[PDB]
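K.L.:
Below is a structure I'd like to ask you about.
Protein chains in written order, with the numbering used here: chain Z, -6 to 52; chain G, 1050 to 1114; chain U, 6 to 163; chain H, 3 to 118.
Below you can see the structure in the form of structure tokens.
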């Protein structure tokens, strides 16, 4: 199965690359596995945009 | 106020005249659908392209009925 | 490990170099912002509404690719519903393009002048990039070369 | 609204469905409308008018051909319509006869002569 769940995870990177989302390969597997738990994705759109916001105040 | 109610009148007029040109030409459109095709044509869209779509969705709603 | 998957997420977005207390404070911003939405429509349609806006400004084949993958991703729905939210947050050849001079059976077209007009803009942007660099390279260093003694220097700030 | 969300209302008016149901057609409507957005012919309401009269005369309905001339002036009288060429070009195309050759008669200009 791990061969299938690798391909399905590899295709999903491209549709996140042309949609111009800042999610790299590591943060994607984190968010995919976290969405795979059952958390509502309308909220995750806010934590990433805020974690990236407080990260910019440091630099 | 007033200039916001004078515009709602000059639009109900034009949307009532375009419905007259629509029936003497015997387009199958009605008052609800026709308000969608007018808004689209305001932004700027090929009426040779938009009419091919309507001539198709109306051509597929029969295969399902 | 939902209590840990938020701890590994907070590490990736942390830029590499106190790196031991910031992670403790950033995990607050993750929780302080996660429960605001929780206190307070199909999936594929939201892609097409973004597929439309692609084709309008050119770049047709890319839009024909975005729909090509979501068709094979069917044979997970809540994952693509997360990517469409961050669509605008990201950071800002092939000779077998139009090339009516190569092919097996190329159809008759007549002059276009709408491919050569978007083949000189492919070059005009090149000469306008390598010119902003020379505007953003002589400026970044002349702003320090000519200033008060000891402004841009970090060792003098000690 | 935006034309992308507005195209989906149309697919729900013609086909009686919800936007979660009909999504194959709306995939075909973005294919045609998109990449064909810009108008391809020079725009003039005069030529399109002289073709809706020529059409209602051809059906022996000579009385409605002189009524349209009074309805086309009212459109200019009120003045809430910016592109009057487009909406008439479309209403003419969807016209059915209640009851051949067109390279001889007047056609719109091509816009290729200009450097668009």
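Even for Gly, the Cβ is constructed at its ideal location relative to N, Cα and C.
Please decide whether residue -5 of chain Z counts as near chain U, where near means a Cβ-Cβ distance under 8 angstroms.
P.N.:
Judged by the 8 angstroms Cβ criterion, residue -5 of chain Z is not in contact with chain U.
K.L.:
With a threshold of 8 angstroms between beta carbons, is residue 1054 of chain G in contact with chain H?
P.N.:
So, not an interface residue.
K.L.:
Identify which residue in G:1096, G:1067, G:1053, G:1051 has its Cα closest to the Cα of residue 70 of chain H.
P.N.:
For the residues G:1096, G:1067, G:1053, G:1051, the minimum Cα distance to residue 70 of chain H belongs to G:1067.
K.L.:
Beta carbons nearer than 9 angstroms to chain H: which residues of the region 1085 to 1104 of chain G have them?
P.N.:
Cβ contacts with chain H: 1085, 1086, 1087, 1088, 1089, 1090, 1091, 1092, 1093, 1094, 1095, 1096, 1097, 1098, 1099, 1100, 1101, 1102, 1103, 1104.
K.L.:
Would DSSP call residue 13 of chain H helix, strand or coil?
P.N.:
Helix, per DSSP.
K.L.:
Give every residue of the same chain whose Cβ lies closer than 7 angstroms to the Cβ of residue 47 of chain H, excluding the five residues on either side of it in the sequence, and list them in chain order.
P.N.:
86, 87, 90, listed in sequence order.
K.L.:
Under the three-state reduction of DSSP, which class applies to residue 1094 of chain G: helix, strand or coil?
P.N.:
Coil, per DSSP.
K.L.:
Between residue 1069 of chain G and chain H, is there a C-beta pair that is closer than 8 angstroms?
P.N.:
Interface residue, yes.
K.L.:
The alpha helix (DSSP H) that contains residue 112 of chain U, what's its start and end?
P.N.:
No alpha helix (DSSP H) holds residue 112 of chain U; DSSP gives it neither H nor E.
K.L.:
Residue 4 of chain Z CB to nearest chain U CB: under 8 angstroms?
P.N.:
So yes, residue 4 of chain Z belongs to the interface.
K.L.:
So residue 15 of chain H and residue 1085 of chain G are supposed to be a Cβ contact under 8 angstroms. How far apart are they, rounded?
P.N.:
So it is a contact: roughly 6 angstroms between Cβ atoms.
K.L.:
Identify which residue in G:1099, G:1081, G:1058 has its Cα closest to the Cα of residue 1089 of chain G.
P.N.:
Nearest of G:1099, G:1081, G:1058 to residue 1089 of chain G, Cα basis: G:1099.
K.L.:
Any Cβ of chain G within less than 8 angstroms of the Cβ of residue 95 of chain H?
P.N.:
True, the Cβ-Cβ gap to chain G drops below 8 angstroms.
K.L.:
With a threshold of 8 angstroms, are at least 3 pairs of Cβ atoms found where one atom belongs to the region 38 to 52 of chain U and the other to the region 147 to 160 of chain U?
P.N.:
The region 38 to 52 of chain U, when compared against the region 147 to 160 of chain U, does not touch it at the 8 angstroms Cβ threshold.
K.L.:
Just to confirm my understanding: we take residue 50 of chain H, look at its own chain, exclude 5 residues before and 5 after, and list those with CB closer than 7 angstroms. What are they?
P.N.:
Closer than 7 angstroms at the Cβ level, and outside the excluded window around residue 50 of chain H, lie 87, 90, 91, 94.
K.L.:
So, residue 1078 of chain G versus residue 96 of chain H, is the Cβ gap smaller than 8 angstroms?
P.N.:
It is a contact, given that the beta carbons lie within the stated cut-off.
K.L.:
So, helix, strand or coil for residue 100 of chain U, using DSSP?
P.N.:
In the structure shown, residue 100 of chain U sits in coil (DSSP, three-state: anything other than H, G, I, E or B).
K.L.:
Alpha carbon to alpha carbon, what distance is there between residue 1096 of chain G and residue 1102 of chain G?
P.N.:
C-alpha separation (whole angstroms): 10 angstroms.
K.L.:
Residues in the region 50 to 71 of chain U with C-beta within 7 angstroms of chain H's C-beta atoms, listed in sequence order?
P.N.:
For the region 50 to 71 of chain U, which is checked against every Cβ of chain H, the residues closer than 7 angstroms are 50, 53, 54, 56, 57, 58, 60, 61, 65.
K.L.:
Taking 8 angstroms as the CB-CB limit, is residue 88 of chain H close to chain U?
P.N.:
Not one chain U Cβ lies under 8 angstroms of residue 88 of chain H.
K.L.:
Between the alpha carbons of residue 23 of chain H and residue 38 of chain U, how many angstroms are there, rounded?
P.N.:
Those two C-alpha atoms are separated by around 34 angstroms.
K.L.:
Say whether the region 80 to 90 of chain U touches the region 48 to 57 of chain U, bearing in mind that this needs 3 or more beta-carbon pairs closer than 8 angstroms, one atom from each stretch.
P.N.:
Touching, per the Cβ criterion.
K.L.:
Going by DSSP in three states, residue 82 of chain H sits in which element: helix, strand or coil?
P.N.:
Coil.
K.L.:
Short check: CB of residue 48 of chain Z to CB of residue 112 of chain U, under 8 angstroms?
P.N.:
Cβ distance not < 8 angstroms, so residue 48 of chain Z and residue 112 of chain U don't count as in contact.
K.L.:
Quick check: residue 92 of chain U and residue 21 of chain Z, are their CB atoms within less than 8 angstroms of each other?
P.N.:
Contact flag unset, no.
K.L.:
Per DSSP, what kind of secondary structure is residue 42 of chain U in: helix, strand or coil?
P.N.:
DSSP places residue 42 of chain U in helix when its eight states are reduced to three.
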